[PDB]
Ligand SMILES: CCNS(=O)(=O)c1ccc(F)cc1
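Only one chain is shown below, in structure tokens, and it's the form deposited without the ligand.
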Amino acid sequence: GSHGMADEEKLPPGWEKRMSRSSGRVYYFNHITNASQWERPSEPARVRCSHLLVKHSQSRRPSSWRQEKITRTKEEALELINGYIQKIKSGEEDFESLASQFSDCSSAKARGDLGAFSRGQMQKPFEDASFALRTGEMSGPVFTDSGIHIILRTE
């Protein structure tokens, strides 16, 4: 871009280039889905998605209250989310199985399936990530008021 640098890109809307702190190798990040991929990547009316939610609290209620179901911190929740992403990408675990096993959403019962929806129904961050995903693609950690999600667009 600058006179002393190689020129470059497209990067469809939402994408940006970055560097691996570990290898110095370039990779691409989508700031809407928060997904990362090595390959240069280079909207629809309804989409169907499945997700895995990891809740966290920051609440701090008085002694009189019953113990809360969710006690982990946001940091701990993000660590769990990143670990699941790694296991799914490495083919070590299947998205559906992990969702059924660890998702804190009531949809865990349906292997994480939320069904088909249009814009206006889901929390904005979730909605934006879902519609920016390609069919069959998975998001990176997505933050909403419900907690941290991993989203898989199935349709």
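Start at 1 and count along the sequence shown; that's the residue number.
Asks: With residue 42 and residue 43 adjacent in the shown sequence, let me know how many deposited residues between them lack coordinates: none, 1 to 3, 4 to 9, or 10 or more.
Replies: Per the deposited record, the segment joining residue 42 and residue 43 lacks coordinates for 10 or more residues.
Asks: Can you let me know which of the two, 118-126 or 65-73, has the higher average C-alpha B-factor in the entry?
Replies: It is 65-73 that shows the higher mean C-alpha B-factor.
Asks: Take the C-alpha B-factors listed in the entry for 10-18 and for 132-140, compute each mean, and give the stretch with the larger one.
Replies: Of 132-140 and 10-18, the stretch with the higher C-alpha B-factor average is 10-18.
Asks: Looking at 57, 106, 86, 30, which has the biggest Cα B factor in the entry?
Replies: Across 57, 106, 86, 30, the entry lists the biggest C-alpha B-factor for 57.
Asks: Could you tell me which third, lowest, middle or highest, the C-alpha B-factor of residue 51 occupies within its chain?
Replies: Its C-alpha B-factor, which the entry lists for residue 51, ranks in the lowest third among residues of this chain.
Beyond what is shown, the protein has a form deposited with the ligand bound; the following relates to that form.
Asks: Is this site open or blocked for the ligand? Place it by superposing the surrounding C-alphas onto its pose in the deposited bound form, then apply the 2.4 Å backbone/C-beta contact test with a threshold of 3 atoms.
Replies: Open, since after superposition no atom of the placed ligand lies within 2.4 Å of the backbone or C-beta atoms.
Asks: Any of the heavy atoms of residue 110 lying within 4.5 Å of the ligand in the deposited bound form?
Replies: Contact with the ligand, yes.
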